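Just one chain is shown here, as structure tokens, and it is the form deposited in one PDB entry.
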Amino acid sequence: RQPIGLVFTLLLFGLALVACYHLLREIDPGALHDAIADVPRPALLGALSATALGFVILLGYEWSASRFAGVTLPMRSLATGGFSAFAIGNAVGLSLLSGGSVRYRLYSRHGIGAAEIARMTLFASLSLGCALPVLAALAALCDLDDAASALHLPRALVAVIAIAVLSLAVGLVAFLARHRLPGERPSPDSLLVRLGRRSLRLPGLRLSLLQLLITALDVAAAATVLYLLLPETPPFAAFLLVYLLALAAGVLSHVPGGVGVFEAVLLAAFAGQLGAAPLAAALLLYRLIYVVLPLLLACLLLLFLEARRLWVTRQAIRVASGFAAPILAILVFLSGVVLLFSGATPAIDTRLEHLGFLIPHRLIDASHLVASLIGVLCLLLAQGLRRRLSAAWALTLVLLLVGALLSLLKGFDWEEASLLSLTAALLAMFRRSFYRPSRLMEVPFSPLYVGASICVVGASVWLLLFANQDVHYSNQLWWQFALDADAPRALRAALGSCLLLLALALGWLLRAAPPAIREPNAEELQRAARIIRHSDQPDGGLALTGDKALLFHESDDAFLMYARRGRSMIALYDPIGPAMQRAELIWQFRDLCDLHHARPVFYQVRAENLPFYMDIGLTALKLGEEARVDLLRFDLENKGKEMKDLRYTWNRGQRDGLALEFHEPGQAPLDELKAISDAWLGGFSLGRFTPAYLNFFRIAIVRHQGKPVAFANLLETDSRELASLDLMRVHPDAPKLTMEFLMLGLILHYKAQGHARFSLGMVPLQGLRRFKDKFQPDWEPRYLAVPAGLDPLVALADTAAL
């Protein structure tokens, strides 16, 4: 899927480049520059305003999603989320930090469910995805002659196509209206439809109409931006029609920005009618104003919020797994783009002639080549920054500033140097955000980033051909070292960048295979047990069963237990140790998973570590509820119906002759345990009955008039914060209150030693819930972490099987 989808997009981009080259054959860069300069100031200020209007309409797009999913949020929060998600989706879609991710990051602070957000994003996407053809047909129906002229098709054909589209639209609307279940409504604005297999959620009539108006206003404003930039204006209907088609074509192409394809379509539509140069200039200004500008605004906004949050709340925020690393990766990538493009384009003559005196002539050529290499390194270090490396942050901070220096020593291009330096400032300001002390060579291969790198290099070479089209091909251009000669510098640069990218890509591809997963040995198990003791978490006990492999921190202070199942690696709980060790461990696991081409999954995680999973790109699903009784409040001289039932149970148990005794680890009656375990059997998160496992923990045994009837090992630490029990077996013939006596006896015993809390157990998603509730415990949600895209049930079913 991943390589196929990459290759498909890459080829589509490549084709669109070739199309644009063969379409702008007549135009030379001089003409284009003149066309760009031609545009009047009121037109620019108009487009700059229509951008704002069109982005304010995109807030309503988020409002419709909020209403559909039934999410109550503050208006300031909804606005911020809407703007930032749309801005960053539209520009760098699906490559870095998609709109969904930005929604899910921003809205998880308010404590909205992952399913709700997911639904919001899906609605926001499919809204445009399904309302695009309808608006295209509606626009086509106005002035068929103009539309036919634009598309270069017969009037009859486009007419019947429009009629066929609107007929299919109303037909589907009627069909879903037929299967409308009454009564139940998940939200005020939501219908449920029943087909037979699954119940699907569709918008209501009012919401559907309101979003369709919103979509209409959105695409209108978007098209108007591009309309104002054109000196000569074709009929609005046809223009809008083609814009819609082009937008569609760009989105389907799965090209990050829609660049290459969108421009190809517009140019093909109005190659002759509007000319090439004025259109190309309008397209560039459109892309700079409507895509690039908002993205940079969003980048700065979210950086600002992150910095403000860090400054205000200093103590609570410890590890910093916020919203800086992804933005900085984006800005760094853009920087590398800016370096590579500059390297392709020839310098200004005036700047070169001034510089020629100050700097030696060969240094310029050297500077230029190195600056091109640095550009490619900046492309590939985006991934590093994304994964919160510290090495990557150090290297990138150096390169961005060296690159900014060479940008002044290549042709005194201060516009480049300014941006590179500004980026390097922001990168240095967020120093804490990059903590991981891992090796850069250990970063996994990422097809996507390499794909994007190749695309950018392609676009640089395209720009090289288009810029240096006034020089004849010659073999002597390669060696030609002189000031005025721009084309040699570009050629050298392009070759150097192409070789360096190829080298690094091949080096990453051909690397030593990772070691296979093995079970832990005696030493590892002992270390794991040591870690568990010197910690708060007693749930770590299931590490010692020697059934699931162990990932150890470099400091051997904290560890994480995981097991491979099919194509997905599952981690049993949160990592065991201090917070700073936990974050590094969660990343370490993600790295490992990626190396082995497996989905990372975290089973039964607490709420406190959720943002660390959100970082590495997981989503929290409500798995179950975990009960824990607080022994400080709980006392044997308290009131409450359940409490009176418990004391009655305890008193009867004592009178009947039930005795509970605790055996230290090692000194256990293995014969009696084996007997009861066999009796219970006759009649991953489980805990085996191997003696080795049992000798680690102290076992509480209850006896009924002397004979051993039931037992339950106890997970403990050296601290007296929390205590839990994993394995717990009872004899089928035992009295019904015997298990409850054992259970309450445990609670009282831990009260005696003075443990703050006592972990009862988890209920997923009836009897177990009631039984746990009968002790009057404290409930706490337990989550499941799965990749964000689409893996809701497959992973849960697979884990349930395991």
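Between two forms, the rigid core is the largest collection of C-alphas that superpose within 1.5 Å. A residue's number is simply how far along the shown sequence it sits, counting from 1.
If you look for the form deposited in another entry, you will not find it shown, but the lines that follow are about it.
Participant: Picking from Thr313, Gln667, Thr350, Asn521, which residue has its CA shift by 2 Å or more between this form and the one not shown, once the rigid core of the two forms is superposed?
Facilitator: That would be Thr313.
Participant: If you line up the core, does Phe175 shift 2 angstroms or more at its C-alpha between this form and the one not shown?
Facilitator: Comparing forms between this form and the one not shown, the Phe175 CA shifts at least 2 Å.
Participant: Classify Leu192 as shifted (yes) or not shifted (no) between this form and the one not shown, where shifted means its C-alpha moves by 2 Å or more with the rigid core superposed.
Facilitator: The answer is yes, as the C-alpha of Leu192 shifts between this form and the one not shown by 2 Å or more after core alignment.
Participant: Taking the shown form as the reference, report whether the CA atoms of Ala174 and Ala124 lie closer or farther apart in that other deposited form; the distance changes by 3 angstroms or more.
Facilitator: Result: closer.
Participant: Quick one: with a 3 Å or larger change, is the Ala177 to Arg206 CA distance smaller or larger in that other deposited form? Answer closer or farther.
Facilitator: Compared with this form, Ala177 and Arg206 lie farther apart in that other deposited form.
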